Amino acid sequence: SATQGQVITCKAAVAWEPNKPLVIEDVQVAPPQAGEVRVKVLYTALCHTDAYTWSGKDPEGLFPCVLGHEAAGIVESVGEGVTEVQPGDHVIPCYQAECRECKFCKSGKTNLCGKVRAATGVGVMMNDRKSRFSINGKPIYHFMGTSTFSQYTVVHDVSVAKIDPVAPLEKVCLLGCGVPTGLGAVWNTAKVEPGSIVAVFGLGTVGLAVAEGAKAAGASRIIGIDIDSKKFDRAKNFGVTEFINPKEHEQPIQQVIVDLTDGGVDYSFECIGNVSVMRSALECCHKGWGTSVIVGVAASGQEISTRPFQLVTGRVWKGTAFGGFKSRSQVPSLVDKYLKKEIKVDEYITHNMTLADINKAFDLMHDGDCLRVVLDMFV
């Protein structure tokens, strides 16, 4: 092509400083080296994680950087040795890599591959330990090995999920984080059986995907917990059957749940990232078999606590990262299901904006009322 083996100059939302507005810049995107894939990002969605690193609260946050991790697009070019994808292929860049060969990938116990982890965590590429982004010949850090707030991005081949070309890229971009995290918290991590009584803390995108997950798992009761009653009405469509606003109760929320569940829930899922709520999600679980899955990401230097009697008496404490899904092997399968009308994707999108409206999209996310905000990159 016209850009194959060449430096690309494109539009990118750059986070120059933490807690400052994002500026749409003109950026140089280097071609892909060995094991790398240059992707044309057509649509990108904002996740609370981008805002967290943006705020300045993330200790692993490196500035200046190109944020974003939830996106879909097309392969512009591939580096040396890239065989699974070719130019023109429809793809989903994934923050969680899948080499298929390491200790983690060679076991059916996890999805947490660590092939590219070190590089990605420091805003660079594995092959040369450098960024593929520059403004005035100076580097701009990558983020989560994705950096989807740039029209053109360079990602490792092991983090490129090849999807059905007939699938709509303005919807499927969500299948890169929030939605699979929720579905997978239920299907892969918890393995919720039919008839199960479920508690969901937080009715945001992930909490709503945990609700769809539980409904598909054949849960008899999906209890939704949120300190904002406005979030209840929209939750019903996602399978939530009962609701509790902790603010309307003087006793701890776990105690309220235990009274409505006859000893507690079979499975609880905390989708806020609040350590105090993580404790409450554990304690609301039924004695002997109750299982709490931490879905939400908590702030650095904050601990979860409980009395060990809670675990001795049969409760289980676990968590999920990208809902246990293997990016390359399983994200295309999630796209096939959506196309077969087996799973929901569209229903999580409330807003469609343009890349130039990035700060307006961030504004809507800080307020917390909305669901997903899909940005059209080429407008």
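One rule holds for the numbers: they count along the sequence shown, beginning at 1.
Student: On mean Cα temperature factor in this entry, is 181-189 or 105-113 the higher one?
Tutor: Higher of the two, by average CA B-factor, is 105-113.
Student: With reference to the PDB entry, specify whether the mean Cα temperature factor is higher for 90-98 or for 295-303.
Tutor: Per the PDB record, 295-303.
Student: By the entry's C-alpha temperature factors, tell me which of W54, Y43, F325, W317 sits highest.
Tutor: Comparing C-alpha B-factors across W54, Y43, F325, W317, the maximum falls on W54.
Student: Per the entry's Cα B factor values, which of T146, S280, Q251, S196 stands out as the maximum?
Tutor: Of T146, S280, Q251, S196, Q251 has the highest C-alpha B-factor.
Student: Please say which third, lowest, middle or highest, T83 falls into when its CA temperature factor is compared across its chain.
Tutor: Within its chain, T83 is a highest-third residue by C-alpha B-factor, going by the deposited values.
Student: Just say lowest, middle or highest third for the CA B-factor of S333 relative to the other modelled residues in its chain.
Tutor: Middle third by C-alpha B-factor.
Student: For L355, return the chain-relative third of its C-alpha B-factor as stated in the PDB record: lowest, middle or highest.
Tutor: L355: CA B-factor falls in the middle third of its chain.
Student: Report the third (lowest, middle or highest) to which the CA temperature factor of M377 belongs, ranking only the modelled residues of the same chain.
Tutor: Ranked within chain, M377 CA B lands in the lowest tercile.
Student: Would you mind checking where the Cα B-factor of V37 ranks among the modelled residues of its chain, as the lowest, middle or highest third?
Tutor: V37: CA B-factor falls in the lowest third of its chain.
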